[PDB]
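Every residue, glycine among them, receives a Cβ derived from its backbone with ideal geometry; neighbour counts consider all protein chains shown. What follows is calculated from the coordinates using simple rules that are stated; it is not laboratory data.
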Amino acid sequence: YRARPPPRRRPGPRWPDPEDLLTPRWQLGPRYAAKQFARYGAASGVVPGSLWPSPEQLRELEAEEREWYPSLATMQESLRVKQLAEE
Amino acid sequence: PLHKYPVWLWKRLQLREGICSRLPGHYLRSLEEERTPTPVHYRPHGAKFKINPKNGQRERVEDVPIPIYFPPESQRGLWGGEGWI
Amino acid sequence: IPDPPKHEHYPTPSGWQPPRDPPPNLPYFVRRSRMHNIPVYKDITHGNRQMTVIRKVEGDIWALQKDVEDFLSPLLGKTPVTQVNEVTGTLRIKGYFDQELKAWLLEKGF
Amino acid sequence: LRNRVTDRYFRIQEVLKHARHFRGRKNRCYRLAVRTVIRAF
Amino acid sequence: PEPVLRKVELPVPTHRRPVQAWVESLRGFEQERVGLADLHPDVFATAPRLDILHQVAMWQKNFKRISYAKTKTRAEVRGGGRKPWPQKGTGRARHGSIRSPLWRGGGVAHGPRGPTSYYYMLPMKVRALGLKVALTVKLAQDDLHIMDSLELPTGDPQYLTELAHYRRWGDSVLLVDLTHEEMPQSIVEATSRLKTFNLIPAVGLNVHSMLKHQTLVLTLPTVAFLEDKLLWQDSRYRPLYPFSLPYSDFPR
Amino acid sequence: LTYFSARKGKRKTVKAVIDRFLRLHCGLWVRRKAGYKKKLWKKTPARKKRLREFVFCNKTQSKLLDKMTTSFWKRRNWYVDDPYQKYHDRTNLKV
Amino acid sequence: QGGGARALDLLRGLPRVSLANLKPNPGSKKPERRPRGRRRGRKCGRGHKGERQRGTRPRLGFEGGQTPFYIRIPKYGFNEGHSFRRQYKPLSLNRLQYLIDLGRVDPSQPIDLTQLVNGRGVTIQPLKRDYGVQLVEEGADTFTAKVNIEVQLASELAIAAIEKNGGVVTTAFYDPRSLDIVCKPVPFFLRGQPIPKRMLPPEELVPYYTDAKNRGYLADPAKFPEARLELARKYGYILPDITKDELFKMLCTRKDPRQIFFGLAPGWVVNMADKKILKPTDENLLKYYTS
Amino acid sequence: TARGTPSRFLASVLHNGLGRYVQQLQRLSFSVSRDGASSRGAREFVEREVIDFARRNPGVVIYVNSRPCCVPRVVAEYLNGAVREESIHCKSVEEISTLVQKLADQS
Amino acid sequence: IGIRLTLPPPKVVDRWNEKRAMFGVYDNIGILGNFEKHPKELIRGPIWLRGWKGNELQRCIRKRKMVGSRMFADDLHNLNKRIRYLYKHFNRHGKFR
RNA sequence: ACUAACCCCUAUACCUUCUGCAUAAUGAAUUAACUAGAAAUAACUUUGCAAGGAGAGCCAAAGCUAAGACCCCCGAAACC
Ligand SMILES: [Mg+2]
Ligand SMILES: [Mg+2]
Ligand SMILES: [Mg+2]
Ligand SMILES: [Mg+2]
């Protein structure tokens, strides 16, 4: 006999049906598209501009880091104050 | 055997067929939406992250709504979102 | 794995030295591992049984066994207890002798 | 895979043959014959 | 004419020498001795590890097996939720259900609970080492033949069988070529109607097929493909991430 | 002890032993002494002294604690300035 | 020489190997035991009637009613906060010398966490609370190599040994978010996300990385020369003038504190499929990635 | 047991050995399969020993039939008419030789 | 009694049909295909039994957690009961502790 | 054993429960079919590689991966 063709990974990105219920939600978000663009490059059709966060999500991204990640000067001043307190 | 679709998908599936499929689009979209209600019987945390006093670590917190029972008589009144607990 | 670079002097500061070229004219031969190291390891079982093993051996393994106990008899005081496995090309010695055997196998050209 | 014994007839015949010359039901009933064959042996 | 000569492209250890194999061709009945090919000693002349072959073949057969046998327990047999008779006073044995394993028509105490999987993976180097052992065994038993290409003068299947019989190849021969899309037309039509003769690509080569078929034949590109793929195993780092991800030198 | 969890199907860990015992990577277990903070006024200084060390467990207790603890706590840790770093390996141990 | 030839030649006279003549290696398959027959059938190794025979034994650690041994032991803070303690995989000078001698690490180029894991010198598990590597002083006598190494932690003797041979050692901090990126850049690039800037060290670690004696990456460079002289004087080795070395440019090559790799500004996107680098131009994006 | 098994008195055949000894074995028939692991011991036995055994006992006729079979067998016939059938299913060579030699001495 | 009085009909097996003659092909696709495919991906069978192995208890959770919402009402109830019984038997019964 | 069925001599049914049962302690009229040991934490044995092992994660001061091999059946009065 002759063997069936070897099972190869299907070339090209996979874009499922957004209106179909059985398609899992993790294949519809921008994270899925970002992964597709990285693997397949410009041939995936994903706009490179959409990779960087839009200004709508940047405002809380900097708000979160300002509130949760203090600057070097703020940390040094806090450390110096604590050093004086224990001294 | 196994169902083609999950059971919780059945209610959505019938909305796409029959007389329900001929309903106006704007009404269908409004009914499909499942936005959360304003908290009434519980106090929201108000922050995405909080510091645990026990270990001084930052962990994510969530607001879990408390189930509310609405008696059929409340449909004839305006309780403002309150109900039986 | 990248092939080791050639140093103008040997052995290297870490103690590594390339195998001698041409290989020694012996009935048996021992080849370095994929990391270019002598295949000598320590084995322990039951928490008290200590063995030294020699891997990657092809040829007359019995000649290697004869040479091993000849080299180890003056050090240990009697003929060492050894196990010969022909199918896997490995040699097992009771006790810990890795640092002497590595030194012994190094100067033989392996 | 369901496995069932298929040679039980021969397994009991090797015992019944030693009791063929006995008396009573213990020469043909395996349950009785096995107990007396052991005593005879 | 001009003989075909194949050398070993990968470096050979100094203490080992290449093993020579004859090169034939299928364009004629008597077209053997076309040339000589040099094989890597570490692939076609390794240790005859029969235990490696047995465990690799057993791994291949039993790793894709799924058993669908399943029997109902006493909790799945219909009915049997009522005590038949009172515990005492009836003069018969006590029971709590009519679907117990003791009862006729009841459940099964310890039966199959399918579907069940037997999937397990051998170490990657062991599976590769199994292919090297099988090739070495084939060379040592003189049932392995080396060809240049798999073009046939005619697509007649009976011609191929007669050629194999004349050369005393064996009852069954496993044919291996480079890529599925490079099959010559003659070899495809000849082997499609044959049972003991099978044609598979290089990627499809396996120990179980080699053991099942008495005779194995390979092309020169197949030999180089097998030499490159196998010799990458014994000189390589431990994988930081799966090899499907891009690497500095993978694919070669 | 939960040999197979209902959500993951894997062995669990008894948190009681974690809060009371410390395991060295060599297999030894380190524990405190019972009643070392109870009724200190009625105990002699020598008794109080020997009550406040860290002592090892025997073979049976070590096997008992290993079975109640998953493999996560048996790994080798590289904590910075760890006080018990020098005790994680045995030196000059024969048989 | 002869063992392989003898084994292979002996194979020639043997019959053809097939599927009907294979067996496992001896000692590799312990036969399964079944509770059948006189030997293992009467009680199946369960003993006489009781809890053990009926398989209703109490839970592990239960001694039949008395207070459990593990319960009666008082609690102590042995493993408190263990999931928050910092861990560093130790790196020895012998291992570094072993890597350099075998060529697995290139000394002519700057060496950091990415280079060490690429050469398989160390294994990092950020999910296991790892925070990088520490350079230990083991085998400092036999170490002789001029390298530029970047490690999260270092000892005073390890620094002295590196600087004795004219090398440069610095200490830098990597947050857990970017530590996984540094060890495995390839999986991160497949995520399709712009390169983020690494966070500053925590408040407790700020003094460590701002001190010249620790060779911190945030310390004052002007305080370095006096620190090196003190180490050279203490250990009695003459401090070489590496400014006159031909590799002075390579030694001075250090990454920005907010940078991850070398020559890759935060916010860039790597496209391995088409071998391209994409950089943003929005002024808000540029300010975020550079501040 | 003895009570469940017929018995006989000790005796010989035609006072064998009184004037001369006559070998009681008269015929041997061997069934051997060309292919099959069960006949390997039987096969190698006739490669090296059946020739020497034939010369040792000239009054015994040996038949070697090669046919497909699952259980190799040997059949021994004596002058008194007794027939003995022994299986050679998966035995070695040194033990079939002892088995074959035993039938020769039997009366 | 208990045994057949006639020989069962002989069985004929084709040792060289399509399936037998090519069993094991492409099982080394990962080694010989630049690791673009895994032999586990060649597994054909139940959704919850593709490249995974475990005891009976573990198979029940995996089936329930992945396809439990699609099972029939009677089957789901029996599966829930099986998990409860298996959990009790494994965690509370046995010769060893 | 015997020439010989019996006659001669010798011999206190089986399982289970108990220190101890021919026991007058339980179970079994007989035949056929059905009917009861499920798991890999550690350790042991055997391959592969080796200061590295593993087809992301995990472990490692000779270890890592893989395989083999140990954990029964029926029966309540009850509760919701
Ligand atoms: Mg070991
Ligand atoms: Mg009921
Ligand atoms: Mg009941
Ligand atoms: Mg028993």
*Who wins for biggest fluctuation among A:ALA42, A:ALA73, A:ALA34 in a Gaussian network model of chain A, springs between alpha carbons below 10 Å?*
A:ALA73
*Pick out which of G:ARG215, G:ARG34, G:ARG59 has the largest mean-square fluctuation in a Gaussian network model of chain G, springs linking Cα atoms closer than 10 Å.*
G:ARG34
*Within the range A:13-84, report the trypsin sites (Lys or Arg not before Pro) that DSSP leaves as loop and that have at most 15 other Cβ atoms within 10 Å.*
A:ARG14
*Could you tell me which trypsin sites (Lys or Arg not before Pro) in the range H:23-107 are loop residues by DSSP with no more than 14 other beta carbons within 10 angstrom of their beta carbon?*
H:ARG34
*Report, by chain and number, residues whose modeled amide H sits under 5 Å from the one on C:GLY59, excluding near sequence neighbours (fewer than 5 apart, same chain).*
G:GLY2, G:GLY3, G:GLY4
*P(r) of chain E in 10 Å steps, Cα pairs, percent per bin?*
6, 22, 25, 16, 9, 8, 7, 5, 2, 0, 0
*Across 10 Å bins from 0, what is the distribution of all Cα-Cα pair distances for chain F, in whole percents?*
13, 35, 31, 17, 4, 0
_Quick check: the angle from helix C:98-107's long axis to the longest principal axis of chain C, C-alpha only, nearest 10 degrees?_
50
*Rounded, prolate or oblate: pick one for the range G:12-105, where a ≥ b ≥ c are the square roots of the eigenvalues of its C-alpha gyration tensor, a/c under 1.5 means rounded, and failing that, prolate if a/b is larger than b/c, else oblate.*
oblate
*asked:* Per DSSP helix of 4 or more residues, -39500 (n - 2.57); summed, then divided by the residues of chain E. What does that give at 222 nm, rounded to the nearest 500?
replied: -8500 deg cm²/dmol
*asked:* When only alpha-carbon atoms are used, what values of Rg and Dmax, in angstrom, describe the range E:4-144?
replied: 30.8, 97
*Cα centroid distance between the range A:1-23 and the range H:1-35, in Å?*
78
*Using the Kirkwood formula over every pair of different C-alpha atoms, what hydrodynamic radius in Å results for the protein assembly as shown?*
39.3
*What nm distance separates the two modelled labels at E:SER149 and G:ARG33, each placed 7 Å from Cα along Cα→Cβ?*
6.5
*Given that compact globular proteins tend to follow 2.2 N^0.38 Å, what is the ratio of the alpha-carbon Rg of chain C to that value?*
1.12
*Working from Cα positions, state the angle (0 to 90°, nearest 10) between the long axis of helix E:50-63 and the longest principal axis of chain E.*
50
*Centre separation in Å (Cα based) which lies between the range G:93-155 and the range G:1-51*: 47
*Over chain I - Rg/Rh using Cα atoms and the Kirkwood inverse-distance radius*: 1.17
*asked:* Under the rule of at least 5 residues apart or a separate chain, name every residue whose amide H is placed under 5 Å from the amide H of G:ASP130.
replied: G:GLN125
*Roughly what would the spin-label model give for H:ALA2 and C:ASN48, points 7 Å off Cα along C-beta, in nm?*
5.7
*Could you give the semi-axes, largest first, of the ellipsoid that matches chain A, computed as the square roots of 5 times the alpha carbon gyration tensor eigenvalues and rounded to whole Å?*
50, 18, 13
*Using DSSP, restrict attention to beta bridges with both residues in the protein assembly as shown and report what percent are antiparallel, rounded to the nearest 5.*
55
*Largest first and in whole Å, give the semi-axes of the range H:17-107's equivalent ellipsoid, each being the square root of 5 times a Cα gyration tensor eigenvalue.*
24, 13, 11
*May I ask you to list the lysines whose Cα is less than 22 Å away from that of E:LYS70, ignoring any residue fewer than eight positions away on the same chain?*
E:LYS61, I:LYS53, I:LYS63, I:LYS65, I:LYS81, I:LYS88
*Which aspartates and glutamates does B:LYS11 reach when only Cα atoms under 15 Å apart count, and residues fewer than 8 places away in its own chain are ignored?*
A:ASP20, B:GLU32, B:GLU33, B:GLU34
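How many percent of Cα pairs in the range G:84-291 exceed 33 Å?
16
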*Zone of D:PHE10's modelled label, taken as backbone nitrogen in the range I:2-17 under 20 Å from a point 7 Å along Cα→Cβ*: I:2-11
*asked:* What do you get for trypsin sites (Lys or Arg not before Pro) in chain D restricted to DSSP loop and a cutoff of at most 12 other Cβ within 10 Å of the site's Cβ?
replied: D:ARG2, D:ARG4, D:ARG20, D:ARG23, D:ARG28
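How much net charge surrounds B:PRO1 when only other residues with a Cβ under 12 Å from its Cβ are counted (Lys, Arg +1; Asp, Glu -1)?
That works out to 0.
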*For the range I:12-19, what does the Karplus curve 6.51 cos²θ - 1.76 cosθ + 1.60, with θ = phi - 60°, yield as ³J(HN,Hα) per residue in whole Hz, taken in order and with x for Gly and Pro?*
10, 10, 8, 6, 10, 6, 4, 6
*Most mobile of E:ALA75, E:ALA37, E:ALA190 per a Gaussian network model of chain E (Cα springs, under 10 Å)?*
E:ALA75
*asked:* Please enumerate, by chain and number, the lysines with C-alpha under 22 Å from the C-alpha of A:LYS35, excluding those fewer than 8 residues away in the same chain.
replied: G:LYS184, G:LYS197, G:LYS275, G:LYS276, G:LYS279, I:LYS37
*Quick one: angle between helix G:3-13 and the longest Cα principal axis of chain G, in degrees between 0 and 90, rounded to 10, please.*
40
*Once phi is turned into θ = phi - 60°, what whole-Hz ³J(HN,Hα) does the Karplus curve with 6.51, -1.76 and 1.60 give for every residue of the range B:26-42, x standing for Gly and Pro?*
5, 5, 5, 5, 5, 5, 5, 5, 9, 5, 6, x, 5, x, 10, 9, 9
*For chain B, state what percent of all Cα-Cα pairs lands in each successive 5 Å bin, counting from 0 Å until the bin that includes the largest distance.*
3, 9, 11, 11, 12, 15, 15, 10, 7, 4, 2, 0
*Check E:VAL217: other-chain or 5+ apart residues with amide H under 5 Å from its amide H, H built from backbone geometry?*
E:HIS145, E:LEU174, E:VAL176
_Table column - 3J(HN,Hα) (Hz), the range H:48-59, Karplus curve with 6.51, -1.76, 1.60, x for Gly and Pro_ = 10, 10, 4, 5, 5, 5, 4, 5, 5, 10, x, x
*First measure r as the distance between the Cβ atoms of B:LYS54 and G:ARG258, then evaluate 1/(1 + (r/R0)^6) with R0 = 56 Å and state the FRET efficiency to the nearest 0.05.*
0.95
